[PDB]
Structure formats: C-alpha cells, structure tokens
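What follows is the content of run-v1.txt (compact mmCIF, C-alpha atoms).
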```
# COMPACT_ATOMS: atom_id res chain seq x y z
CA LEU Y 2 89.80 101.81 114.32
CA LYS Y 3 92.10 103.28 111.64
CA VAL Y 4 93.62 101.49 108.63
CA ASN Y 5 97.34 101.82 109.40
CA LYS Y 6 98.70 98.70 107.68
CA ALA Y 7 98.76 97.25 104.16
CA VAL Y 8 99.75 93.68 103.18
CA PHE Y 9 101.39 93.26 99.72
CA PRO Y 10 101.73 89.67 98.42
CA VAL Y 11 104.87 89.85 96.24
CA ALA Y 12 105.71 86.15 95.98
CA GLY Y 13 104.34 85.52 92.47
CA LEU Y 14 106.45 83.26 90.25
CA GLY Y 15 105.41 85.32 87.23
CA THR Y 16 105.74 82.41 84.80
CA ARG Y 17 103.79 84.52 82.30
CA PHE Y 18 106.73 86.96 82.17
CA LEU Y 19 109.69 84.57 81.95
CA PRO Y 20 112.53 85.10 81.32
CA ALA Y 21 112.33 88.57 82.92
CA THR Y 22 110.95 87.09 86.17
CA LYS Y 23 113.76 84.49 86.46
CA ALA Y 24 115.28 86.42 89.39
CA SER Y 25 112.75 89.15 90.14
CA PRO Y 26 109.08 88.82 91.19
CA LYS Y 27 106.42 89.88 88.74
CA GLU Y 28 105.46 92.77 91.04
CA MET Y 29 108.91 94.37 90.45
CA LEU Y 30 108.32 94.73 86.70
CA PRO Y 31 108.57 98.41 85.69
CA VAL Y 32 105.84 100.42 84.02
CA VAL Y 33 107.86 103.07 82.13
CA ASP Y 34 110.30 103.66 84.99
CA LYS Y 35 108.67 102.46 88.22
CA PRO Y 36 108.01 98.96 89.63
CA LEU Y 37 104.36 97.86 89.89
CA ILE Y 38 104.80 97.37 93.65
CA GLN Y 39 105.88 101.01 94.05
CA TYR Y 40 102.69 102.31 92.40
CA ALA Y 41 100.81 100.14 94.90
CA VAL Y 42 102.77 101.39 97.93
CA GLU Y 43 102.28 105.00 96.81
CA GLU Y 44 98.54 104.37 96.65
CA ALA Y 45 98.58 103.00 100.21
CA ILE Y 46 100.56 106.06 101.36
CA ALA Y 47 97.96 108.34 99.80
CA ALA Y 48 95.30 106.48 101.82
CA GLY Y 49 97.02 107.27 105.13
CA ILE Y 50 98.72 103.88 105.58
CA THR Y 51 102.21 104.02 107.11
CA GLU Y 52 103.12 100.33 107.67
CA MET Y 53 103.90 98.29 104.54
CA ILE Y 54 104.01 94.50 105.02
CA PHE Y 55 105.63 92.63 102.12
CA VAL Y 56 104.97 88.87 101.92
CA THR Y 57 107.96 87.64 99.90
CA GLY Y 58 108.80 84.39 98.12
CA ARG Y 59 111.65 83.71 95.71
CA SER Y 60 113.93 86.61 94.78
CA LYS Y 61 113.09 88.51 97.96
CA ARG Y 62 116.18 90.71 97.41
CA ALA Y 63 114.68 92.59 94.46
CA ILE Y 64 111.81 93.77 96.68
CA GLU Y 65 113.93 94.37 99.78
CA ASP Y 66 116.71 96.27 98.01
CA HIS Y 67 114.13 98.45 96.26
CA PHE Y 68 112.46 99.72 99.43
CA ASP Y 69 115.38 99.56 101.91
CA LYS Y 70 117.74 102.54 102.08
CA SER Y 71 120.81 102.43 99.84
CA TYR Y 72 123.71 104.35 101.37
CA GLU Y 73 125.60 104.12 98.08
CA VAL Y 74 122.90 105.37 95.71
CA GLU Y 75 122.10 108.43 97.83
CA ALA Y 76 125.78 109.29 98.26
CA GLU Y 77 126.39 109.09 94.50
CA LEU Y 78 123.47 111.38 93.68
CA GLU Y 79 124.44 113.83 96.44
CA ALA Y 80 128.01 113.88 95.12
CA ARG Y 81 126.76 114.71 91.61
CA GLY Y 82 124.49 117.47 92.95
CA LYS Y 83 121.44 115.73 91.45
CA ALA Y 84 119.03 116.97 94.09
CA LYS Y 85 115.79 116.12 92.27
CA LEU Y 86 116.91 112.52 91.68
CA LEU Y 87 118.00 112.26 95.32
CA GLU Y 88 114.54 113.29 96.51
CA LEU Y 89 113.05 110.84 94.00
CA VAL Y 90 115.04 107.97 95.50
CA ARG Y 91 114.27 108.96 99.10
CA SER Y 92 110.55 109.15 98.29
CA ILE Y 93 110.55 105.39 97.56
CA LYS Y 94 110.21 104.99 101.34
CA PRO Y 95 109.29 108.34 102.89
CA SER Y 96 110.09 109.19 106.48
CA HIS Y 97 107.58 107.66 108.92
CA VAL Y 98 106.68 104.93 106.43
CA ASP Y 99 107.89 101.59 107.80
CA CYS Y 100 108.60 98.47 105.72
CA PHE Y 101 108.39 94.99 107.30
CA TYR Y 102 109.14 91.65 105.64
CA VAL Y 103 107.51 88.24 106.14
CA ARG Y 104 108.01 85.02 104.16
CA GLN Y 105 105.29 83.18 102.27
CA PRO Y 106 105.15 79.59 103.57
CA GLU Y 107 105.30 76.41 101.49
CA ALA Y 108 101.56 76.61 100.74
CA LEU Y 109 100.61 79.11 98.06
CA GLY Y 110 97.81 81.51 97.38
CA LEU Y 111 96.35 84.80 98.52
CA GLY Y 112 94.63 83.26 101.54
CA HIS Y 113 97.89 81.82 102.81
CA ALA Y 114 99.63 85.12 102.09
CA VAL Y 115 97.17 87.00 104.32
CA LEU Y 116 97.40 84.33 107.03
CA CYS Y 117 101.16 84.55 107.35
CA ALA Y 118 100.83 88.28 108.08
CA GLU Y 119 98.34 87.66 110.91
CA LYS Y 120 100.70 88.34 113.81
CA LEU Y 121 101.78 91.69 112.26
CA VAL Y 122 98.20 92.87 111.75
CA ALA Y 123 96.96 91.50 115.10
CA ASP Y 124 93.59 93.01 116.03
CA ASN Y 125 93.44 95.86 113.53
CA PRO Y 126 91.74 96.42 110.17
CA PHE Y 127 94.21 96.25 107.32
CA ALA Y 128 94.48 96.75 103.58
CA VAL Y 129 95.40 94.00 101.10
CA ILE Y 130 96.80 95.26 97.79
CA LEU Y 131 97.75 93.12 94.79
CA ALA Y 132 100.28 95.13 92.80
CA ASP Y 133 99.55 93.28 89.50
CA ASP Y 134 96.22 95.14 89.53
CA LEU Y 135 97.61 98.55 88.59
CA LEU Y 136 94.91 101.12 89.36
CA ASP Y 137 94.78 104.69 88.10
CA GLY Y 138 92.42 106.90 90.07
CA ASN Y 139 92.04 110.37 91.55
CA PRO Y 140 91.58 110.04 94.45
CA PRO Y 141 93.72 106.89 94.60
CA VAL Y 142 91.51 103.82 94.88
CA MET Y 143 92.67 102.71 98.35
CA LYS Y 144 92.06 106.27 99.55
CA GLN Y 145 88.46 106.01 98.31
CA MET Y 146 88.17 102.69 100.14
CA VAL Y 147 89.61 104.00 103.43
CA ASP Y 148 87.02 106.81 103.32
CA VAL Y 149 84.27 104.20 102.91
CA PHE Y 150 85.71 102.12 105.76
CA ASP Y 151 86.01 105.16 108.03
CA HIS Y 152 82.28 105.73 107.48
CA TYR Y 153 80.76 102.22 107.77
CA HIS Y 154 83.48 100.39 109.78
CA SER Y 155 82.93 97.25 107.68
CA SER Y 156 85.27 95.26 105.46
CA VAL Y 157 85.45 96.74 101.94
CA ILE Y 158 85.94 94.70 98.74
CA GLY Y 159 86.91 96.65 95.62
CA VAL Y 160 84.86 95.68 92.55
CA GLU Y 161 84.27 96.75 88.98
CA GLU Y 162 81.65 96.06 86.32
CA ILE Y 163 82.97 93.31 84.04
CA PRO Y 164 81.59 91.79 80.82
CA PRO Y 165 78.98 89.14 81.68
CA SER Y 166 80.67 86.60 79.40
CA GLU Y 167 83.89 86.78 81.48
CA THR Y 168 82.59 85.84 84.96
CA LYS Y 169 84.63 82.62 84.98
CA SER Y 170 87.71 84.84 85.41
CA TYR Y 171 86.48 86.69 88.54
CA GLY Y 172 85.16 86.43 92.03
CA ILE Y 173 81.60 87.78 91.70
CA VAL Y 174 79.67 89.54 94.49
CA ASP Y 175 75.92 89.77 95.14
CA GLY Y 176 73.93 92.03 97.42
CA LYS Y 177 71.68 95.04 97.85
CA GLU Y 178 72.82 98.33 96.33
CA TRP Y 179 72.96 100.78 99.25
CA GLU Y 180 74.17 103.94 97.51
CA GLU Y 181 75.21 104.11 93.84
CA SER Y 182 78.72 102.70 94.45
CA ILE Y 183 78.11 100.66 97.63
CA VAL Y 184 76.73 97.11 97.76
CA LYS Y 185 75.82 95.43 101.05
CA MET Y 186 77.07 91.96 100.21
CA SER Y 187 74.96 88.84 100.59
CA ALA Y 188 77.33 86.46 98.77
CA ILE Y 189 80.62 86.13 96.92
CA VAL Y 190 81.07 83.33 94.38
CA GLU Y 191 84.38 82.24 92.85
CA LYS Y 192 84.40 82.14 89.04
CA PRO Y 193 80.76 81.26 88.19
CA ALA Y 194 79.71 80.32 84.69
CA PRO Y 195 78.11 83.35 82.97
CA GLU Y 196 74.61 81.90 83.02
CA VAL Y 197 74.60 81.59 86.84
CA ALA Y 198 76.63 84.67 87.84
CA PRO Y 199 74.59 86.70 90.38
CA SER Y 200 75.92 90.08 89.15
CA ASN Y 201 78.41 91.70 86.79
CA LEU Y 202 80.54 92.96 89.72
CA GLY Y 203 84.01 91.36 89.75
CA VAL Y 204 86.49 91.54 92.62
CA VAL Y 205 89.77 93.37 91.99
CA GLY Y 206 92.99 93.22 94.01
CA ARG Y 207 92.02 95.78 96.68
CA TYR Y 208 90.62 94.87 100.11
CA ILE Y 209 90.13 96.34 103.55
CA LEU Y 210 89.58 93.42 105.92
CA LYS Y 211 88.60 93.44 109.56
CA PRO Y 212 90.60 91.05 111.78
CA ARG Y 213 87.73 88.56 112.19
CA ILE Y 214 88.78 87.36 108.71
CA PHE Y 215 91.63 85.40 110.33
CA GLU Y 216 89.41 83.02 112.31
CA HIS Y 217 87.64 82.14 109.05
CA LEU Y 218 90.94 81.69 107.18
CA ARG Y 219 92.31 79.34 109.86
CA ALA Y 220 89.08 77.32 109.81
CA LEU Y 221 89.01 76.66 106.06
CA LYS Y 222 90.31 73.32 104.82
CA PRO Y 223 93.09 73.45 102.15
CA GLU Y 228 95.75 76.29 98.33
CA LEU Y 229 93.52 78.43 100.55
CA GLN Y 230 90.66 80.56 99.15
CA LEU Y 231 90.19 84.12 100.41
CA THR Y 232 86.74 84.01 98.74
CA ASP Y 233 85.53 81.23 101.06
CA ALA Y 234 86.71 83.19 104.12
CA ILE Y 235 84.91 86.36 102.97
CA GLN Y 236 81.73 84.37 102.34
CA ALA Y 237 81.94 82.97 105.87
CA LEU Y 238 82.64 86.40 107.36
CA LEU Y 239 79.52 88.00 105.92
CA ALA Y 240 77.39 85.57 107.92
CA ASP Y 241 78.66 87.21 111.13
CA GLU Y 242 78.99 90.86 110.10
CA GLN Y 243 78.48 93.32 107.27
CA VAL Y 244 80.83 93.28 104.27
CA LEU Y 245 80.63 95.96 101.55
CA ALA Y 246 81.55 95.88 97.87
CA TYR Y 247 82.78 99.28 96.62
CA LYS Y 248 82.56 100.19 92.90
CA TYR Y 249 85.69 102.34 92.77
CA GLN Y 250 86.23 105.28 90.42
CA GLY Y 251 89.25 104.69 88.22
CA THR Y 252 90.90 102.57 85.55
CA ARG Y 253 92.44 99.14 86.05
CA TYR Y 254 95.33 97.64 84.10
CA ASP Y 255 95.55 93.87 84.54
CA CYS Y 256 99.33 93.52 84.62
CA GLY Y 257 99.06 89.86 85.51
CA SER Y 258 98.66 89.47 81.74
CA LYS Y 259 101.32 90.43 79.21
CA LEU Y 260 98.78 92.47 77.21
CA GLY Y 261 97.60 94.39 80.26
CA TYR Y 262 101.20 95.19 81.17
CA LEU Y 263 101.78 96.53 77.66
CA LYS Y 264 98.60 98.64 77.78
CA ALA Y 265 99.75 100.12 81.09
CA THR Y 266 103.14 100.97 79.59
CA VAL Y 267 101.53 102.77 76.65
CA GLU Y 268 98.95 104.72 78.65
CA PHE Y 269 101.26 105.72 81.51
CA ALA Y 270 104.02 106.74 79.10
CA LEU Y 271 101.61 109.04 77.26
CA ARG Y 272 100.91 110.92 80.50
CA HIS Y 273 104.60 110.99 81.44
CA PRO Y 274 105.87 114.60 81.63
CA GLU Y 275 109.32 113.81 80.18
CA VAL Y 276 108.39 111.54 77.27
CA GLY Y 277 104.63 111.79 76.74
CA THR Y 278 104.70 114.36 73.94
CA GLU Y 279 107.35 112.55 71.90
CA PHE Y 280 105.89 109.09 72.54
CA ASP Y 281 102.48 110.29 71.35
CA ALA Y 282 103.99 111.74 68.17
CA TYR Y 283 105.86 108.47 67.57
CA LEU Y 284 102.67 106.42 67.96
CA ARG Y 285 100.82 108.63 65.46
CA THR Y 286 103.43 108.16 62.73
CA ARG Y 287 104.63 104.56 63.15
```
Render the structure in this file as structure tokens.
Amino acid sequence: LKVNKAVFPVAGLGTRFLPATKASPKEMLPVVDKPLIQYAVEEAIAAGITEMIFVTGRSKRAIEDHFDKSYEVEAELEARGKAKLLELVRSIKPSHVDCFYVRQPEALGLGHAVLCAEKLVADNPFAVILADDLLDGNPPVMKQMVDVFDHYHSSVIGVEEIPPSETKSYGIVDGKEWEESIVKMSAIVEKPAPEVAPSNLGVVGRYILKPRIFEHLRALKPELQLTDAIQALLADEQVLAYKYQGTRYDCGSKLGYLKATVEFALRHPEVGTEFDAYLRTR
C-alpha cells in the first residue's frame, strides 16, 4: 500500500543537553530557529505522509503546544498585519496534516516506542523517524525512501557508510548489493566490534517498516531491541538497506548539534551572509 503515517519517538530524556532539556524533550531543541522535530515532520510531509504520530514521554506539552493550533499566536500576528509570519506559523501543521499523540509506556527504547503505536498503524506500512538524526537532502531522505518502497514494497532501512573503527556505535547491515544504493539485507548486527563488522553500512534514524514487524516485536523478550525484530523479519520477507543521498548531523551529541547550527545558519537567507563574515574574522 501507501506510506501514509510516520511515528516520531519524542520521549528522550536528553540528559546530554541538561539543563536545557529539564522541561523540554531533546527533539524540541532548535537549530537556528526551528525545533529538530519540525525538520523531521517537514521531511515526512515532503514524502507524502499526512499522519504524524508523536510518542511522548516527559514534558509532552512542549511537543503538543508546538504542533497544535494556537488561537492566540495567530490572532496576534493577524492583528499586527504580519502575514508572512502568520503563514510561517500555520505551516507548522499544514491543512490535511493530522497530528496524533500516544504515550511511551514505563519500558523504554525505540522498540517499545514503535510497539505502543501499533494500534494507530494497524495493517499499513509506516515510517519511523528519529528527529535527533537531522538529515539534509534534496530530495528529502524520507522522500527517497518512499520512492524505493513504492517500487519494491519491502521494508527500507536508511544507512550510511561509516568509519570502520566506529562500528561499535551503530547497527550494521549485511547483504547483497542490488543496485548501487540498494542492499538486499541478509543480516543486521547491533554494535559489532570493528574486526567482526560485516560491512561499513550503519543504520540511521530513518525506517519504513511493514506491519509484520509488530509480531516480531511482541515476540522478543525484554529494553526492547528494534534490531532483533528486523533480523527476525528478514527471515520471512525481504528487507532493504538504502544508502541515502544527503548529509547527517548527529544531534544526539552536543558537537553534532553545534555543527548543525553552524551549517544551517550559513545557508539561512536572513543571517547566512553576516554569520559567514563573522566566522571568517573571529
């Protein structure tokens, strides 16, 4: 079928970014002027997805109040005649894009986050997007992945070439290269030591999963590992790794967040020129 839904886990404690994450999830942190989770939702929108499922934890209000309509904000901008800013605010949740909220349960982890969205996805393929992985691509990365899914009708795992010495930080895939950017997966291994990693292809926070994933998630013994469920799924049906075109900023790390701020600011139409001149002369 069609990928109409995207699941966004936004329940991260963000202990790496305390004190800023005291009362706001790490996915609400702004890059220049826009929360990480909004970049991620905009990427899903560009891929044709119109149902956004947020799996919240503590500080759910920061996420909810960002995407839900504010009567007051729109009235203030309309009163001041600030028509561009008014369209900017409305475009946070465009018409015919729906936002639904579900709560992460006591048990933590990406696998549990996907499982608590099961009844909202039902028997449909769905995207999973981790907003801490800020991706810059044209076309947007999830749009590339939906095109691959629309062709092969198989689950799609976004991957990138990583340094071989860093495999202990990644899920690592193995398989037969089909086309240049497509791998028919034969295995996925969580955080192997470099000397036994089967490839240099590391999993990033972008998935398109078919609904058979849920039976494998429910069967796994417990934190729950999405990697184990994907490994079990590929015994029953094809799963593809897709080497996307684009640039990733790892905003789960403080340094990656700072790199994203610098690079996105430089391409910002209102401040890029002056920020570049400041960087040259500091």
Would you write out, as a Markdown table, a table of all residues in range 99-206 of chain Y that have an atom no more than 12 Å from an atom of range 5-20 of chain Y, listing for each the closest atom pair and the distance in Å to one decimal, considering all atoms listed in the file and ordering rows by chain and rising residue number?
```
| residue | atom | partner | partner_atom | distance |
| --- | --- | --- | --- | --- |
| Y:99 | CA | Y:6 | CA | 9.6 |
| Y:100 | CA | Y:7 | CA | 10.0 |
| Y:101 | CA | Y:8 | CA | 9.7 |
| Y:102 | CA | Y:9 | CA | 9.9 |
| Y:103 | CA | Y:10 | CA | 9.7 |
| Y:104 | CA | Y:12 | CA | 8.6 |
| Y:105 | CA | Y:12 | CA | 7.0 |
| Y:106 | CA | Y:12 | CA | 10.0 |
| Y:107 | CA | Y:12 | CA | 11.2 |
| Y:108 | CA | Y:12 | CA | 11.4 |
| Y:109 | CA | Y:12 | CA | 8.9 |
| Y:110 | CA | Y:13 | CA | 9.1 |
| Y:111 | CA | Y:10 | CA | 7.3 |
| Y:112 | CA | Y:10 | CA | 10.1 |
| Y:113 | CA | Y:10 | CA | 9.8 |
| Y:114 | CA | Y:10 | CA | 6.2 |
| Y:115 | CA | Y:8 | CA | 7.3 |
| Y:116 | CA | Y:8 | CA | 10.4 |
| Y:117 | CA | Y:8 | CA | 10.1 |
| Y:118 | CA | Y:8 | CA | 7.4 |
| Y:119 | CA | Y:8 | CA | 9.9 |
| Y:120 | CA | Y:8 | CA | 11.9 |
| Y:121 | CA | Y:6 | CA | 8.9 |
| Y:122 | CA | Y:6 | CA | 7.1 |
| Y:123 | CA | Y:6 | CA | 10.5 |
| Y:124 | CA | Y:6 | CA | 11.3 |
| Y:125 | CA | Y:5 | CA | 8.2 |
| Y:126 | CA | Y:6 | CA | 7.7 |
| Y:127 | CA | Y:6 | CA | 5.1 |
| Y:128 | CA | Y:7 | CA | 4.3 |
| Y:129 | CA | Y:8 | CA | 4.8 |
| Y:130 | CA | Y:9 | CA | 5.4 |
| Y:131 | CA | Y:9 | CA | 6.1 |
| Y:132 | CA | Y:9 | CA | 7.3 |
| Y:133 | CA | Y:11 | CA | 9.2 |
| Y:134 | CA | Y:9 | CA | 11.6 |
| Y:143 | CA | Y:7 | CA | 10.0 |
| Y:147 | CA | Y:5 | CA | 10.0 |
| Y:151 | CA | Y:5 | CA | 11.9 |
| Y:206 | CA | Y:9 | CA | 10.2 |
```
Close residues, range 250-265 of chain Y itself excluded, 7 Å, all atoms listed in the file, min 5 positions apart in chain, as a VMD selection string = chain Y and resid 32 133 to 138
Residues within 6 Å of range 179-186 of chain Y, all atoms listed in the file, excluding chain neighbours under 5 positions, as number ranges by chain = Y: 244-248
Mind pulling up the distance from CA of residue 210 in chain Y to CA of residue 31 in chain Y?
->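 Atom-to-atom, CA of residue 31 in chain Y to CA of residue 210 in chain Y, that is 28.2 Å.
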Check the smallest atom-to-atom distance from each of Y:39, Y:156, Y:22, Y:232 to residue 60 in chain Y using all atoms listed in the file, then report the winner.
-> Y:22
Which residues, protein or nucleic acid, reach to within 10 Å of (99.8, 104.8, 99.1) in the file's coordinates when using all atoms listed in the file, and can you give that as a count of residues only?
-> 19
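The neighbours of residue 239 in chain Y here are the residues that come within 12 Å of it, using all atoms listed in the file and leaving out any residue fewer than 2 positions away in the same chain; they are residues 155, 156, 157, 158, 174, 175, 176, 185, 186, 187, 188, 189, 210, 211, 213, 214, 217, 232, 233, 234, 235, 236, 237, 241, 242, 243, 244, 245 and 246 of chain Y.
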Keeping only C-alpha atoms, write the selected residues to a file as an mmCIF file, keeping the file's coordinate frame.
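Done, and the output landed in result-v9.cif:
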```
data_model
loop_
_atom_site.group_PDB
_atom_site.id
_atom_site.type_symbol
_atom_site.label_atom_id
_atom_site.label_comp_id
_atom_site.auth_asym_id
_atom_site.auth_seq_id
_atom_site.Cartn_x
_atom_site.Cartn_y
_atom_site.Cartn_z
ATOM 1 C CA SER Y 155 82.930 97.250 107.680
ATOM 2 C CA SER Y 156 85.270 95.260 105.460
ATOM 3 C CA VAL Y 157 85.450 96.740 101.940
ATOM 4 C CA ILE Y 158 85.940 94.700 98.740
ATOM 5 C CA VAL Y 174 79.670 89.540 94.490
ATOM 6 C CA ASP Y 175 75.920 89.770 95.140
ATOM 7 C CA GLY Y 176 73.930 92.030 97.420
ATOM 8 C CA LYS Y 185 75.820 95.430 101.050
ATOM 9 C CA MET Y 186 77.070 91.960 100.210
ATOM 10 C CA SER Y 187 74.960 88.840 100.590
ATOM 11 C CA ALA Y 188 77.330 86.460 98.770
ATOM 12 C CA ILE Y 189 80.620 86.130 96.920
ATOM 13 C CA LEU Y 210 89.580 93.420 105.920
ATOM 14 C CA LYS Y 211 88.600 93.440 109.560
ATOM 15 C CA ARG Y 213 87.730 88.560 112.190
ATOM 16 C CA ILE Y 214 88.780 87.360 108.710
ATOM 17 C CA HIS Y 217 87.640 82.140 109.050
ATOM 18 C CA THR Y 232 86.740 84.010 98.740
ATOM 19 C CA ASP Y 233 85.530 81.230 101.060
ATOM 20 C CA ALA Y 234 86.710 83.190 104.120
ATOM 21 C CA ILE Y 235 84.910 86.360 102.970
ATOM 22 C CA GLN Y 236 81.730 84.370 102.340
ATOM 23 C CA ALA Y 237 81.940 82.970 105.870
ATOM 24 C CA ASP Y 241 78.660 87.210 111.130
ATOM 25 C CA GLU Y 242 78.990 90.860 110.100
ATOM 26 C CA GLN Y 243 78.480 93.320 107.270
ATOM 27 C CA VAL Y 244 80.830 93.280 104.270
ATOM 28 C CA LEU Y 245 80.630 95.960 101.550
ATOM 29 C CA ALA Y 246 81.550 95.880 97.870
#
```
CA of residue 274 in chain Y sits from CA of residue 88 in chain Y at a separation of 17.3 Å
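Pairwise distance (CA of residue 90 in chain Y, CA of residue 26 in chain Y) equals 20.5 Å.
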Between Y:201, Y:55, Y:195, Y:178, which one has atoms that come closest to residue 160 in chain Y, using all atoms listed in the file?
->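 Looking at the shortest contact to residue 160 in chain Y, the residue is Y:201.
When only C-alpha atoms are used to measure the gap to residue 3 in chain Y, the shortest distance among Y:202, Y:166, Y:249, Y:149 belongs to Y:149.
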Go through Y:231, Y:76, Y:38, Y:194 and flag the residue nearest residue 168 in chain Y, using only C-alpha atoms for the distances.
-> Y:194
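Proximity ranking of Y:164, Y:223, Y:159, Y:212 relative to residue 198 in chain Y places Y:164 first, based on only C-alpha atoms.
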Quick one: which range 86-167 of chain Y residues come within 8 Å of range 63-72 of chain Y, and what is the nearest atom pair for each with the distance in Å to one decimal, counting all atoms listed in the file, rows ordered by chain and ascending number, as JSON lines?
```
{"residue": "Y:91", "atom": "CA", "partner": "Y:70", "partner_atom": "CA", "distance": 7.9}
{"residue": "Y:93", "atom": "CA", "partner": "Y:68", "partner_atom": "CA", "distance": 6.3}
{"residue": "Y:94", "atom": "CA", "partner": "Y:68", "partner_atom": "CA", "distance": 6.0}
{"residue": "Y:100", "atom": "CA", "partner": "Y:68", "partner_atom": "CA", "distance": 7.5}
```
